[PDB]
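What follows is one structure encoded as structure tokens, with my remarks underneath.
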Amino acid sequence: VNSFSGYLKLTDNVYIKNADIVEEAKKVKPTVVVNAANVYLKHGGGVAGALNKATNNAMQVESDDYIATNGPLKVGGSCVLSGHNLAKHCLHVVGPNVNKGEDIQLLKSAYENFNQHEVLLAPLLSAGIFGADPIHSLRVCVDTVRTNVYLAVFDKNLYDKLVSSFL
Ligand SMILES: Cc1sc2ncnc(Sc3ccccc3C(=O)O)c2c1C
């Protein structure tokens, strides 16, 4: 039993809800919230901008120190940093960016990072400003993640298309 409330169950391990991921995190304080990061951990917009703004820029300050020490992430890669006021940990995961020209096959590699955590709150990787089709992202998630993932989708209308088209 966990405190995630009101999610539709898609499979044995994948759940989905129309919700603000920042509000879900603020409400649930999960062990792990996933950020839709880029390789430079520059949290400008989308999920990343919203998460970082909710931490009062502390996520960005921590991230800049991480990059100064370690250099950029790989597309498809991840790092674990603090969850600040939102979660115990934030798993920063880099899905491929279609608006940058990155190969969508790396989306599976990106989702594999979730398997290192038993339970996660997460957005749909590579969707939104990263350019990929959210329906495809959901399919890759279901076919790749084996741990318990709670997907928060902010837009009610997008949330409806994903449910109604789910195989
Ligand atoms: C202020 C908040 S909370 C939040 N929680 C989740 N996703 C997004 S944006 C997003 C990212 C990837 C796939 C779909 C969407 C979507 O349109 O729902 C957001 C935004 C902008």
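Ordering of the structure tokens sets the chain letters (A, B, ...); residue numbers start at 1 within each chain; ligands are numbered from 1 in the order shown.
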Return as CSV the residues of chain A lying at most 7 Å from ligand 1, together with the closest atom-to-atom pair for each and the distance in Å to one decimal, counting only C-alpha atoms and all ligand atoms, with rows in chain order and ascending residue number.
```
residue,atom,partner,partner_atom_place_in_ligand_line,distance
A:19,CA,ligand 1,5 (N),6.6
A:20,CA,ligand 1,3 (S),4.0
A:21,CA,ligand 1,5 (N),4.0
A:22,CA,ligand 1,3 (S),5.4
A:46,CA,ligand 1,21 (C),4.8
A:47,CA,ligand 1,19 (C),4.9
A:50,CA,ligand 1,1 (C),5.2
A:123,CA,ligand 1,6 (C),5.1
A:124,CA,ligand 1,13 (C),4.4
A:125,CA,ligand 1,12 (C),5.9
A:126,CA,ligand 1,12 (C),6.7
A:127,CA,ligand 1,13 (C),4.3
A:128,CA,ligand 1,12 (C),4.5
A:134,CA,ligand 1,13 (C),6.1
A:152,CA,ligand 1,6 (C),5.4
A:153,CA,ligand 1,18 (O),4.1
A:154,CA,ligand 1,18 (O),3.7
A:155,CA,ligand 1,18 (O),4.4
A:158,CA,ligand 1,18 (O),6.6
```
Once you count only C-alpha atoms, what closest atom pair and distance in Å to one decimal does each residue of range 30-73 of chain A within 8 Å of range 88-99 of chain A have, with rows by chain and rising residue number, as a Markdown table?
```
| residue | atom | partner | partner_atom | distance |
| --- | --- | --- | --- | --- |
| A:30 | CA | A:88 | CA | 6.6 |
| A:31 | CA | A:88 | CA | 4.8 |
| A:32 | CA | A:89 | CA | 4.9 |
| A:33 | CA | A:90 | CA | 5.0 |
| A:34 | CA | A:91 | CA | 4.7 |
| A:35 | CA | A:92 | CA | 4.7 |
| A:36 | CA | A:93 | CA | 5.7 |
| A:37 | CA | A:94 | CA | 5.0 |
| A:38 | CA | A:94 | CA | 5.2 |
| A:39 | CA | A:94 | CA | 6.3 |
| A:41 | CA | A:92 | CA | 7.9 |
| A:73 | CA | A:94 | CA | 7.6 |
```
**OP:** Run DSSP on the backbone of this structure and report the residues of range 93-164 of chain A it assigns to strand (DSSP E or B), as a ChimeraX atom specification.
**Re:** /A:93,119-122,148-153
Atoms to include: N, CA, C and O atoms. Write the selected residues as a PDB file, in the first residue's frame.
```
ATOM      1  N   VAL A  93      16.126  12.373 -15.660  1.00  0.00           N
ATOM      2  CA  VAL A  93      16.236  11.432 -16.771  1.00  0.00           C
ATOM      3  C   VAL A  93      16.176  12.205 -18.075  1.00  0.00           C
ATOM      4  O   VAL A  93      15.274  13.028 -18.267  1.00  0.00           O
ATOM      5  N   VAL A 119       9.524   2.464  -6.699  1.00  0.00           N
ATOM      6  CA  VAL A 119       8.313   3.257  -6.907  1.00  0.00           C
ATOM      7  C   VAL A 119       8.737   4.661  -7.332  1.00  0.00           C
ATOM      8  O   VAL A 119       9.638   5.253  -6.726  1.00  0.00           O
ATOM      9  N   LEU A 120       8.056   5.217  -8.342  1.00  0.00           N
ATOM     10  CA  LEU A 120       8.371   6.553  -8.843  1.00  0.00           C
ATOM     11  C   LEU A 120       7.118   7.293  -9.275  1.00  0.00           C
ATOM     12  O   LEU A 120       6.171   6.684  -9.778  1.00  0.00           O
ATOM     13  N   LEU A 121       7.118   8.607  -9.043  1.00  0.00           N
ATOM     14  CA  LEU A 121       6.215   9.545  -9.702  1.00  0.00           C
ATOM     15  C   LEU A 121       6.943  10.111 -10.909  1.00  0.00           C
ATOM     16  O   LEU A 121       8.096  10.527 -10.793  1.00  0.00           O
ATOM     17  N   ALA A 122       6.281  10.138 -12.061  1.00  0.00           N
ATOM     18  CA  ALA A 122       6.983  10.518 -13.275  1.00  0.00           C
ATOM     19  C   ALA A 122       6.089  11.152 -14.325  1.00  0.00           C
ATOM     20  O   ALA A 122       4.877  10.891 -14.366  1.00  0.00           O
ATOM     21  N   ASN A 148       7.182   0.113 -10.062  1.00  0.00           N
ATOM     22  CA  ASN A 148       5.851   0.704  -9.934  1.00  0.00           C
ATOM     23  C   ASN A 148       5.926   2.186 -10.271  1.00  0.00           C
ATOM     24  O   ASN A 148       6.534   2.972  -9.533  1.00  0.00           O
ATOM     25  N   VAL A 149       5.308   2.572 -11.381  1.00  0.00           N
ATOM     26  CA  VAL A 149       5.399   3.937 -11.875  1.00  0.00           C
ATOM     27  C   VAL A 149       4.013   4.569 -11.916  1.00  0.00           C
ATOM     28  O   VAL A 149       3.054   3.977 -12.436  1.00  0.00           O
ATOM     29  N   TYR A 150       3.938   5.769 -11.342  1.00  0.00           N
ATOM     30  CA  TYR A 150       2.747   6.599 -11.264  1.00  0.00           C
ATOM     31  C   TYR A 150       2.974   7.788 -12.183  1.00  0.00           C
ATOM     32  O   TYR A 150       3.789   8.671 -11.881  1.00  0.00           O
ATOM     33  N   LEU A 151       2.278   7.799 -13.314  1.00  0.00           N
ATOM     34  CA  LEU A 151       2.439   8.838 -14.322  1.00  0.00           C
ATOM     35  C   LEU A 151       1.432   9.956 -14.083  1.00  0.00           C
ATOM     36  O   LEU A 151       0.217   9.717 -14.069  1.00  0.00           O
ATOM     37  N   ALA A 152       1.945  11.177 -13.923  1.00  0.00           N
ATOM     38  CA  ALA A 152       1.128  12.373 -13.770  1.00  0.00           C
ATOM     39  C   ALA A 152       1.102  13.116 -15.101  1.00  0.00           C
ATOM     40  O   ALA A 152       2.157  13.464 -15.647  1.00  0.00           O
ATOM     41  N   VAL A 153      -0.100  13.357 -15.617  1.00  0.00           N
ATOM     42  CA  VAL A 153      -0.306  14.069 -16.872  1.00  0.00           C
ATOM     43  C   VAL A 153      -1.130  15.309 -16.566  1.00  0.00           C
ATOM     44  O   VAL A 153      -2.276  15.199 -16.111  1.00  0.00           O
TER      45      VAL A 153
END
```
**OP:** Excluding residue 139 in chain A and residues on its chain fewer than 6 positions from it, collect all residues at most 10 Å away from it, counting only C-alpha atoms, and give them as a ChimeraX atom specification.
**Re:** /A:108,162,166-167
Expected file contents, prior selection, C-alpha atoms, as a compact mmCIF listing (two decimals), in the first residue's frame:
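Final file, again_18.txt:
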```txt
# COMPACT_ATOMS: atom_id res chain seq x y z
CA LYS A 108 13.72 2.92 -24.14
CA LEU A 162 -3.89 8.33 -23.71
CA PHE A 166 -4.36 2.42 -24.61
CA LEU A 167 -3.97 -1.16 -25.79
```
Subject >> Pick from A:42, A:136, A:29, A:117 nearest to residue 80 in chain A, counting only C-alpha atoms >> reply: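 Between A:42, A:136, A:29, A:117, the residue approaching residue 80 in chain A most closely is A:117.
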